[PDB]
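> Below are the structure tokens for one structure; questions will follow.
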């Protein structure tokens, strides 16, 4: 059962005519809540169901002040307005930790999904990282990894040849390993076709994120102790 630690909670703040209203929120869930068509409930976003004047100092808002500003004193009705119209306040440590966390996740997600369209091959994480530096990418502490991946990809595509692309790999493995390979495959992609062979081996066509071509081969080879054949489809 999930909860934001009080250490990890951030503040969402809304000011009206010089008066602050603040709530303590899970930063990941708060970011999701801000997205279009999110299924995250406000109850899951809030660390406590209380509206503060100052959330770090613990001074809380009057019901009268909330009614004046929001036309409601219900924290579950006030909070969505603060989240959608307000700002996010981070401590120095939180900003540093969040940027670092998201930076690594962005590098990995790009490395996983991307290929070099010139040769069809993956870019190692280190290459993506180097491109981000060249493009002087600033990672945001708060924006979701999903949103930032697209921003960052656009920024680095002038530095390196890069595109998100799924690829299809045909694999051939001994029949004894087919059950086991299904489990490995499910970490990497989706089986689009599979056929037991006349000779007892098993062939599967697997659609994977293009940046995983080498990792996929490595895991399959380790599983089958080298008893695997792979090729890119066509």
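Numbering (the numbering used here), first residue to last: 1 to 234. Heads up, the beta-carbon is just placed ideally off N, CA and C, and yes, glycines get one too.
Note down, in chain order, each residue of its chain lying with its Cβ closer than 6 Å to the Cβ of residue 165, except the 5 sequence neighbours on either side.
Around residue 165: 115 and 210.
> Counting only beta-carbon atoms, is residue 54 nearer than 8 Å to chain C?
Among the chains of the structure shown, chain C does not appear; only one protein chain is present.
> Beta strand (DSSP E) containing residue 230: first to last residue?
Note, residue 230: beta strand (DSSP E), 229–232.
> May I have the straight-line CA-CA distance separating residue 159 from residue 122, to the nearest angstrom?
Roughly 16 Å separates the two Cα atoms.
> Quick check on this structure: which residue in 9, 52, 171 and 140 has the alpha carbon closest to the alpha carbon of residue 234?
Residue 171 is the option with its Cα nearest to residue 234.
> Tell me whether the beta-carbon of residue 52 lies closer than 8 Å to the beta-carbon of residue 61.
In contact: residue 52 and residue 61 (Cβ atoms closer than 8 Å).
> Measure the Cβ-Cβ separation of residue 207 and residue 190 and say whether it is below 8 Å.
Going by C-beta atoms, residue 207 is nearer than 8 Å to residue 190.
> DSSP three-state call for residue 162: helix, strand or coil?
Coil, per DSSP.
> Pull up the distance between the alpha-carbon of residue 9 and that of residue 225, whole angstroms please.
Going from the Cα of residue 9 to the Cα of residue 225 covers about 46 Å.
> Ignore the nearest five residues each way along the sequence and tell me which others in residue 112's own chain have a CB closer than 7 Å to its CB.
These residues qualify, in order along the chain: 209, 211 and 212.
> Select from 27, 127 and 181 the residue whose C-alpha is nearest the C-alpha of residue 4.
Checked all of 27, 127 and 181; the closest Cα to residue 4 is 27.
> Could you tell me the distance, in whole angstroms, from the CA atom of residue 23 to the CA atom of residue 81?
So the two alpha carbons sit approximately 11 Å from each other.
> Just verifying my parser: in three-state terms, what is the DSSP assignment at residue 84?
Three-state result, residue 84: helix.
> Could you work out which residue in 163, 186, 45 and 201 is closest to residue 178 when comparing CA atoms only?
For the residues 163, 186, 45 and 201, the minimum Cα distance to residue 178 belongs to 201.
> Would you grab the beta carbon distance between residue 88 and residue 30 for me? Rounded to a whole angstrom, and I think it's under 8 Å.
Contact flag correct, Cβ pair sits at about 7 Å.
> If you count every other CB in all the chains shown that lies within 10 Å of the CB of residue 102, and 16 or more means buried, which is it?
Flag for residue 102 reads buried.
> Would you check if the distance between the CB atom of residue 79 and the CB atom of residue 42 is smaller than 8 Å?
Yes, the Cβ-Cβ distance between residue 79 and residue 42 is below 8 Å.
> Looking at the structure shown, is residue 188 part of a helix, part of a strand, or coil, going by DSSP?
Residue 188: helix per DSSP, three-state reduction.
> Which partner residues of residue 21 appear in the DSSP bridge assignment?
For residue 21, which the question treats as bridged, DSSP gives the partners 14.
> Rounded to a whole number of angstroms, what is the C-alpha to C-alpha distance between residue 232 and residue 131?
In a straight line, the C-alpha of residue 232 is about 27 Å away from that of residue 131.
> Any idea what DSSP makes of residue 118, helix, strand or coil?
Residue 118: coil per DSSP, three-state reduction.
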